[PDB]
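Following: one structure in structure tokens, then a few remarks.
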Amino acid sequence: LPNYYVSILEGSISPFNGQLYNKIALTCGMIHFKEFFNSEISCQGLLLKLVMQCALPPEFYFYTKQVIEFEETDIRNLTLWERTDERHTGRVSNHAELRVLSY
Amino acid sequence: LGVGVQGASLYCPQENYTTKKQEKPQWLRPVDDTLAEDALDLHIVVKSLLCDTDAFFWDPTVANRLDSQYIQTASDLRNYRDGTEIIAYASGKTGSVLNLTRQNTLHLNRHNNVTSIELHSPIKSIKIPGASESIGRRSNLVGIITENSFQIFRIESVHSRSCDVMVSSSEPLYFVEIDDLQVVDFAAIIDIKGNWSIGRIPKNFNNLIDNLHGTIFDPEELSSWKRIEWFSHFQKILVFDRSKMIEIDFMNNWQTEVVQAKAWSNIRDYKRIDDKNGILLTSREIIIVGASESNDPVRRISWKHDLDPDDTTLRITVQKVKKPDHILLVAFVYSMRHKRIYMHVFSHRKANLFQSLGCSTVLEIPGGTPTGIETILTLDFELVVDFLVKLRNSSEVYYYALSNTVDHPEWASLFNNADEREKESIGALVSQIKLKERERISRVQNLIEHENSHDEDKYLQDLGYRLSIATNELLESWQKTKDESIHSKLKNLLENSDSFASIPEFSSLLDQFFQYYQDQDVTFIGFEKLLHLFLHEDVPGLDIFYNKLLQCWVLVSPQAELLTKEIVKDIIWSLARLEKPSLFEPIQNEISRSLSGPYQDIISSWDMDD
Amino acid sequence: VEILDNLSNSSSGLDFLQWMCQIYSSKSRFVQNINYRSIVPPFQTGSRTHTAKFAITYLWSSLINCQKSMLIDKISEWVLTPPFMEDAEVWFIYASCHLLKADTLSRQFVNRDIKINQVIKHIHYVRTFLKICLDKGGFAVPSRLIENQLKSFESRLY
DNA sequence: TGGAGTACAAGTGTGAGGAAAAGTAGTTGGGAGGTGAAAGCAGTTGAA
DNA sequence: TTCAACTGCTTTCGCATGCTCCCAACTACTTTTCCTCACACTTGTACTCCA
């Protein structure tokens with residue numbers, strides 16, 4: 001195996017500045033993750049973990065939840081985005097799990 | 001005197017177990033290494049406060065912005081009174097504003113009166129020289145360097161009735177030779193970029209540079225750090241850069257390049273210790289205590305210790321300690337990247353005998369990092385020391401007495417917006433949850449009074465039947481849609497999808513709902529072996545998942561009871577992805593897409609090999 | 001020092017310095033034209049005209065340890081085998097091996113045939129090996145004090 | 001009142017900066033190699 | 001004449017042999033192909049000050 005098929009295949013650099021989501025954009029474009037599979041996330045399994053990390057009283061679980069219901073058009077369906085076009089990662093934070101973190 | 005020298009260099013790195021045996025048969029320490037032996041030295045702060053107020057580089061032409069040392073004015077050159085400690089520092093907008101007593105610590109005076117002389121140029125260096133013990137006094141003058149000028153001031157005869165510190169002056173001698181000057185020392189002796197001169201100081205503030213000077217100009221040195229000091233009082237200046245040290249006598253005509261540090265080091269800082277002979281030099285990779293020579297005071301390079309931290313912006317402060325049989329010399333290096341310190345304890349004995357102890361470090365305040373650390377002369381084995389710092393991205397001057405005995409602006413200045421129509425409409429959601437939290441505590445309390453009833457049991461009887469119709473429809477909704485080669489809700493019901501309140505009793509329903517199905521096209525993923533990413537440990541039952549969550553929010557909530565029930569139930573409304581088809585569904589598509597590629601793609605699509 | 005300052009279940013620290021001067025010690029010439037990165041001469045390599053910092057460390061720390069078991073012949077033979085014919089600091093310690101012999105042997109515990117004219121070698125080895133320390137380059141020794149040490153050894157020789 | 005310029009935003013277009021195991025580069029510093037007598041005695045020529 | 005001469009050949013055993021690398025060890029800079037997204041212009045929709 002040649003000298004650059006061994007270095008790409010090893011863990012040379014870590015994913016940085018949101019690099020991990022941006023390969024999921026090429027993974028949602030080279031095959032469309034929409035209209036084949038389902039891009040719905042279990043966002044309650046997300047927020048269950050984030051409460052006991054910071055150990056606020058669990059009142060903020062629904063207080064976060066009323067925020068997400070108020071902002072999201074079509075309340076449910078914090079879906080994952082697709083990008084099939086080019087290298088232009090959109091500057092919108094279109095990814096589902098990152099939207100929960102800003103909420 | 002020991003044995004270790006070379007005549008040009010003299011080394012003792014960290015725990016080399018150095019080269020200075022003599023085999024003294026005196027039956028008490030039969031070796032005289034360059035190392036001491038004693039117990040530890042832990043350092044604790046005594047914190048106080050004194051006063052207050054492109055991006056990937058730093059301009060080395062700045063040296064200091066503050067100085068503070070004991071002074072002896074003309075009235076103290078006359079009377080019995082000797083010693084008042086002052087401070088000379090900068091403040092204001094661009095640092096161009098130029099402006100005491102010791103109760104138990106160092107503190108600013110009671111009369112809160114500084115001497116505000118106005119300066120029309122940014123300040124690059126503030127220092128007072130300090131005098132020698134062969135002239136008997138402590139010098140009353142002060143020399144500073146601006147960006148546009150070079151101004152020399154002088155303190156004269158302060159008061160005690162109001163603690164009034166007043167200044168006389170020398171004039172701003174502007175750049176008649178138009179080159180920026182770098183580091184001054186008095187002990188108008190100046191170091192311009194590459195060249196230098198010896199000046200004359202006037203006593204006449206009622207209205208200069210001699211014809212002896214030189215240069216060290218290195219064409220192969222691309223920085224502009226320069227540095228001069230009087231060395232051993234015989235009109236010998238030491239002119240530095242980040243490449244070499246030149247020894248220049250400006251009274252005779254005799255120049256010498258002494259140190260040459262271009263190969264694997266540089267010169268970072270050179271603090272002139274108030275001692276006449278012993279003076280430290282800080283390089284990178286090594287801390288040098290090169291003193292002067294006994295016979296002929298030219299230069300004698302003495303015992304040194306290596307320094308592992310590497311950076312381009314390292315400086316040093318060094319404070320003596322007088323003891324009866326010896327003299328300590330602590331060595332605080334610091335940088336502009338981090339908050340850490342590094343210290344070493346040398347020792348000077350009577351026959352120019354040097355030793356060493358070891359190294360330690362302390363911690364500091366998390367607002368920025370230091371840029372300049374200044375020690376206190378303190379007017380004169382239970383070691384003590386005192387100093388004061390100044391951090392970057394700050395302008396406060398703390399106080400420390402070390403002895404042997406995080407809010408970011410962008411996370412704060414982004415919120416709290418100041419409009420009038422938008423002043424309470426953000427809180428409309430705050431009024432919305434108070435419309436829903438008062439609601440959704442009464443809707444659950446319908447079910448909380450229901451405990452082991454028949455009135456709540458008939459809901460689950462309808463629940464096992466309302467899911468059972470649309471799911472066998474969904475099982476055959478996947479056989480009609482099987483000729484595809486091209487999905488899970490658990491919200492098929494519409495009654496409430498919230499109307500039962502028990503952790504053990506719904507598990508009796510769903511496991512019986514699991515014993516309902518045995519045919520193909522219906523498959524259920526695990527829950528007692530798949531929930532466990534939250535507790536990060538064993539979850540032997542879904543019921544005892546709630547058990548320690550019941551032991552979790554006891555003190556932090558009103559009544560603490562029903563919310564922990566309903567979120568665990570909401571995971572059953574969220575984690576339960578239970579509509580995977582059976583084995584005809586992957587197998588019909590693990591071979592069909594395997595046919596879309598040829599025989600080259602077959603064997604390169606391979607598992608079950610290890 | 002983590003083996004030298006442990007001394008509880010130790011490997012004595014001096015076996016590791018023996019590991020250093022057995023595999024890294026090379027007598028190549030310092031070629032000086034190649035641009036050295038990540039290996040630097042003055043504190044980790046051991047070329048000709050530059051005895052290694054870890055090689056002369058294993059000299060002093062195995063003579064201080066050699067005193068503190070009271071084996072001197074085990075190192076006096078061992079220093080004899082390299083002709084480090086450039087540096088002067090290894091000639092002082094090669095004199096200092098015999099200077100510890102002429103201090104330890106010159107006791108005699110009587111209150112006399114071979115012990116008197118064996119030390120007369122060890123005085124003569126310190127005197128000739130200190131002169132070749134002065135014959136080489138810059139490394140000054142207190143050779144006025146050592147002859148005050150050596151004559152005090154002679155006071156029990158007589 | 002009916003019609004023009006402030007700028008919230010948004011997708012279009014073009015290369016550039018980063019990574020590493022490999023290789024060739026530049027010196028040395030070793031190593032074994034490989035490119036007549038002791039005495040005859042004769043014949044013949046010796047030479048001014 | 002008288003003489004050397006130097007060439008020739010023979011036992012005795014015999015002693016008995018006489019252009020400079022090529023490749024290791026160090027090291028270093030360069031080789032080879034890959035990878036993830038910044039800059040800027042432009043375009044839209046809006047509400048301002050327009051007679």
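Residue names in the structure tokens use chain letters A, B, ... in the order shown, residue numbers from 1 in each chain, and ligand numbers from 1 in the order shown.
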
Using only C-alpha atoms, tabulate the residues of chain A lying at most 10 Å from any atom of chain B, each with its closest atom pair and that distance in Å to one decimal, by chain and increasing residue number, as a Markdown table.
| residue | atom | partner | partner_atom | distance |
| --- | --- | --- | --- | --- |
| A:35 | CA | B:486 | CA | 9.5 |
| A:36 | CA | B:486 | CA | 7.0 |
| A:37 | CA | B:487 | CA | 7.9 |
| A:38 | CA | B:487 | CA | 7.0 |
| A:40 | CA | B:488 | CA | 9.9 |
| A:41 | CA | B:574 | CA | 9.3 |
| A:42 | CA | B:574 | CA | 5.9 |
| A:43 | CA | B:574 | CA | 7.8 |
| A:44 | CA | B:574 | CA | 6.2 |
| A:45 | CA | B:571 | CA | 6.7 |
| A:46 | CA | B:534 | CA | 9.8 |
| A:48 | CA | B:534 | CA | 7.7 |
| A:49 | CA | B:534 | CA | 6.1 |
| A:50 | CA | B:534 | CA | 9.8 |
| A:52 | CA | B:534 | CA | 9.0 |
| A:55 | CA | B:553 | CA | 9.1 |
| A:56 | CA | B:556 | CA | 8.1 |
| A:57 | CA | B:556 | CA | 5.6 |
| A:58 | CA | B:563 | CA | 7.8 |
| A:59 | CA | B:557 | CA | 7.9 |
| A:61 | CA | B:567 | CA | 8.9 |
| A:62 | CA | B:437 | CA | 8.6 |
| A:63 | CA | B:433 | CA | 7.1 |
| A:65 | CA | B:433 | CA | 9.8 |
| A:66 | CA | B:433 | CA | 6.8 |
| A:67 | CA | B:429 | CA | 7.6 |
| A:70 | CA | B:429 | CA | 8.0 |

| Spatial neighbours of residue 31 (chain D), 12 Å, only C-alpha atoms (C1' of nucleotides), chain gap at least 2 places, as a PyMOL selection string | (chain D and resi 29+33) or (chain E and resi 21-24)

| If we count only C-alpha atoms (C1' of nucleotides), which residues of chain E reach to within 10 Å of chain C? Please list them as a PyMOL selection string. | chain E and resi 25-29

Only C-alpha atoms (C1' of nucleotides), please: the residues just picked out, written as a JSON list (two decimals), in the first residue's frame.
[["chain", "number", "residue", "atom", "x", "y", "z"],
["E", 25, "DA", "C1'", 26.21, 4.13, 9.33],
["E", 26, "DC", "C1'", 24.22, 8.65, 10.21],
["E", 27, "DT", "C1'", 21.02, 12.33, 8.63],
["E", 28, "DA", "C1'", 17.99, 15.54, 5.68],
["E", 29, "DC", "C1'", 15.40, 17.66, 2.12]]

Using only C-alpha atoms (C1' of nucleotides), find which residues of chain D lie within 8 Å of chain A and jot them down as a CSV table (one decimal) with C-alpha atoms (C1' of nucleotides), in the first residue's frame.
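Writing done, so here's part-v2.csv:
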chain,number,residue,atom,x,y,z
D,19,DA,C1',-1.0,15.9,5.8
D,20,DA,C1',2.5,11.8,5.7
D,21,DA,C1',5.4,7.6,4.4
D,22,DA,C1',8.1,6.8,1.3

| message | Would you compute the distance between CA of residue 108 (chain B) and CA of residue 394 (chain B)? Give it in Å to one decimal. | response | 18.6 Å

| note | Pairwise distance, CA of residue 126 (chain C) with CA of residue 19 (chain B), equals 17.6 Å

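Interface residues of chain C facing chain B, defined by any atom at most 7 Å away and using only C-alpha atoms, are residues 1, 57, 60, 61, 100, 138, 139, 140, 141 and 142 of chain C.
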
What would the file look like if the residues just selected were written as an mmCIF file, in the first residue's frame with C-alpha atoms?
data_model
loop_
_atom_site.group_PDB
_atom_site.id
_atom_site.type_symbol
_atom_site.label_atom_id
_atom_site.label_comp_id
_atom_site.auth_asym_id
_atom_site.auth_seq_id
_atom_site.Cartn_x
_atom_site.Cartn_y
_atom_site.Cartn_z
ATOM 1 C CA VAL C 1 17.043 11.427 38.614
ATOM 2 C CA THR C 57 27.980 12.011 34.055
ATOM 3 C CA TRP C 60 31.347 11.244 38.271
ATOM 4 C CA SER C 61 28.215 9.516 39.545
ATOM 5 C CA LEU C 100 40.501 8.147 46.611
ATOM 6 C CA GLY C 138 41.007 24.542 29.263
ATOM 7 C CA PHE C 139 39.974 22.875 32.517
ATOM 8 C CA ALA C 140 41.561 24.434 35.582
ATOM 9 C CA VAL C 141 41.994 22.419 38.773
ATOM 10 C CA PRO C 142 42.981 23.510 42.298
#

| said: From the options E:13, E:51, E:6, E:35, which residue's atoms come nearest to residue 9 (chain A), counting only C-alpha atoms (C1' of nucleotides)? | reply: E:35

| query | CA of residue 117 (chain B) to CA of residue 271 (chain B): how many Å, to one decimal? | reply | 28.4 Å

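Secondary structure by DSSP on the backbone puts the following residues of region 398-551 of chain B in strand (DSSP E or B): residues 398, 399, 400, 403 and 523 of chain B.
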
Can you tell me which residues surround region 124-135 of chain B at a distance of at most 6 Å, considering only C-alpha atoms (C1' of nucleotides), apart from same-chain residues fewer than 4 positions away, and format the answer as an mmCIF file with N, CA, C and O atoms, in the first residue's frame?
data_model
loop_
_atom_site.group_PDB
_atom_site.id
_atom_site.type_symbol
_atom_site.label_atom_id
_atom_site.label_comp_id
_atom_site.auth_asym_id
_atom_site.auth_seq_id
_atom_site.Cartn_x
_atom_site.Cartn_y
_atom_site.Cartn_z
ATOM 1 N N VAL B 62 9.193 47.086 22.757
ATOM 2 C CA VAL B 62 8.678 47.417 24.083
ATOM 3 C C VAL B 62 9.493 46.663 25.127
ATOM 4 O O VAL B 62 9.910 45.517 24.910
ATOM 5 N N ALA B 63 9.799 47.328 26.244
ATOM 6 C CA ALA B 63 10.536 46.689 27.330
ATOM 7 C C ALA B 63 9.717 46.602 28.611
ATOM 8 O O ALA B 63 9.514 45.501 29.131
ATOM 9 N N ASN B 64 9.233 47.723 29.132
ATOM 10 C CA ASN B 64 8.429 47.737 30.343
ATOM 11 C C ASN B 64 7.301 48.735 30.173
ATOM 12 O O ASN B 64 7.238 49.471 29.185
ATOM 13 N N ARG B 65 6.400 48.747 31.156
ATOM 14 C CA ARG B 65 5.441 49.832 31.302
ATOM 15 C C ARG B 65 5.285 50.252 32.759
ATOM 16 O O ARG B 65 4.390 51.055 33.057
ATOM 17 N N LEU B 66 6.119 49.746 33.670
ATOM 18 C CA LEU B 66 6.003 50.066 35.088
ATOM 19 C C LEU B 66 7.321 49.772 35.792
ATOM 20 O O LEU B 66 8.066 48.874 35.392
ATOM 21 N N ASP B 67 7.602 50.550 36.840
ATOM 22 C CA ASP B 67 8.776 50.351 37.680
ATOM 23 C C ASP B 67 8.465 50.891 39.071
ATOM 24 O O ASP B 67 7.659 51.809 39.223
ATOM 25 N N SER B 139 18.980 56.612 43.677
ATOM 26 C CA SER B 139 18.907 57.712 42.724
ATOM 27 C C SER B 139 17.487 58.242 42.577
ATOM 28 O O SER B 139 16.515 57.483 42.554
ATOM 29 N N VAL B 142 14.624 59.314 36.855
ATOM 30 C CA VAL B 142 13.841 58.302 36.150
ATOM 31 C C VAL B 142 13.956 58.550 34.650
ATOM 32 O O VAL B 142 13.837 59.686 34.183
ATOM 33 N N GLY B 143 14.235 57.490 33.894
ATOM 34 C CA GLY B 143 14.306 57.600 32.452
ATOM 35 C C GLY B 143 13.300 56.726 31.738
ATOM 36 O O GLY B 143 13.207 55.529 32.018
ATOM 37 N N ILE B 144 12.536 57.309 30.812
ATOM 38 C CA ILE B 144 11.523 56.588 30.054
ATOM 39 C C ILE B 144 11.754 56.808 28.563
ATOM 40 O O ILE B 144 12.489 57.706 28.147
ATOM 41 N N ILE B 145 11.110 55.963 27.758
ATOM 42 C CA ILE B 145 11.223 55.989 26.303
ATOM 43 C C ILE B 145 9.815 55.980 25.727
ATOM 44 O O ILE B 145 9.007 55.112 26.079
ATOM 45 N N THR B 146 9.516 56.940 24.853
ATOM 46 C CA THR B 146 8.245 56.982 24.150
ATOM 47 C C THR B 146 8.424 56.416 22.742
ATOM 48 O O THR B 146 9.503 55.955 22.363
ATOM 49 N N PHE B 186 21.032 53.704 32.909
ATOM 50 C CA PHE B 186 21.831 54.794 33.472
ATOM 51 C C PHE B 186 22.888 54.284 34.441
ATOM 52 O O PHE B 186 24.073 54.466 34.177
ATOM 53 N N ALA B 187 22.490 53.602 35.520
ATOM 54 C CA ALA B 187 23.363 53.114 36.604
ATOM 55 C C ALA B 187 24.337 54.152 37.162
ATOM 56 O O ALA B 187 25.399 53.803 37.687
#

| message | Which residues are near region 9-17 of chain D? Cut-off 8 Å, only C-alpha atoms (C1' of nucleotides), ignore same chain within fewer than 6 positions. Put them as a count of residues only. | response | 3

| message | Excluding residue 87 (chain C) and its own-chain neighbours fewer than 4 positions away, which residues fall within 10 Å of it when counting only C-alpha atoms (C1' of nucleotides)? Please give them as number ranges by chain. | response | C: 48-51, 83, 91-92, 132-133, 135-139

| request: May I have all residues of chain C that DSSP, computed from the backbone, assigns to helix (DSSP H, G or I), given as an NGL selection string? | output: :C and (14-23 or 41-44 or 53-67 or 72-80 or 89-104 or 116-135 or 143-154)

| query | Counting only C-alpha atoms (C1' of nucleotides), which residues of chain C come no farther than 10 Å from chain D, as a list in words? | reply |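 That gives residues 28, 29, 30, 31, 32, 33 and 34 of chain C for chain C.
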
| said: Just want the 9 Å neighbourhood of residue 23 (chain D), counted on only C-alpha atoms (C1' of nucleotides), with same-chain residues fewer than 4 positions away dropped. Output as a PyMOL selection string. | reply: chain E and resi 30-32

Just N, CA, C and O atoms (P, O5', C5', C4', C3', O3' and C1' of nucleotides) for this one: save the residues we selected as an mmCIF file, in the first residue's frame.
data_model
loop_
_atom_site.group_PDB
_atom_site.id
_atom_site.type_symbol
_atom_site.label_atom_id
_atom_site.label_comp_id
_atom_site.auth_asym_id
_atom_site.auth_seq_id
_atom_site.Cartn_x
_atom_site.Cartn_y
_atom_site.Cartn_z
ATOM 1 P P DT E 30 14.199 21.103 -0.038
ATOM 2 O "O5'" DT E 30 13.675 19.856 -0.870
ATOM 3 C "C5'" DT E 30 14.575 19.136 -1.678
ATOM 4 C "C4'" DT E 30 13.908 17.898 -2.231
ATOM 5 C "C3'" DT E 30 12.575 18.157 -2.934
ATOM 6 O "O3'" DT E 30 12.673 17.796 -4.314
ATOM 7 C "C1'" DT E 30 12.436 16.308 -1.420
ATOM 8 P P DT E 31 11.418 17.955 -5.306
ATOM 9 O "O5'" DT E 31 10.784 16.491 -5.320
ATOM 10 C "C5'" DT E 31 11.624 15.384 -5.609
ATOM 11 C "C4'" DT E 31 11.015 14.086 -5.117
ATOM 12 C "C3'" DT E 31 9.757 13.642 -5.864
ATOM 13 O "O3'" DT E 31 10.007 12.429 -6.578
ATOM 14 C "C1'" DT E 31 9.556 13.351 -3.505
ATOM 15 P P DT E 32 9.312 12.172 -8.005
ATOM 16 O "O5'" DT E 32 8.013 11.306 -7.656
ATOM 17 C "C5'" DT E 32 6.723 11.910 -7.682
ATOM 18 C "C4'" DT E 32 5.783 11.214 -6.715
ATOM 19 C "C3'" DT E 32 4.308 11.504 -6.938
ATOM 20 O "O3'" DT E 32 3.755 10.544 -7.827
ATOM 21 C "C1'" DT E 32 4.872 11.760 -4.625
#

| query | Got a sec: who's within 12 Å of residue 21 (chain C), counting only C-alpha atoms (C1' of nucleotides), leaving out chain neighbours fewer than 3 positions off, as a ChimeraX atom specification? | reply | /C:14-18,24-27,44-47,51-59

| field | Nearest residue to chain A from the set E:4, E:16, E:9, E:38 (distances using only C-alpha atoms (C1' of nucleotides)) | value |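 Ranking E:4, E:16, E:9, E:38 by distance to chain A, first place goes to E:38.
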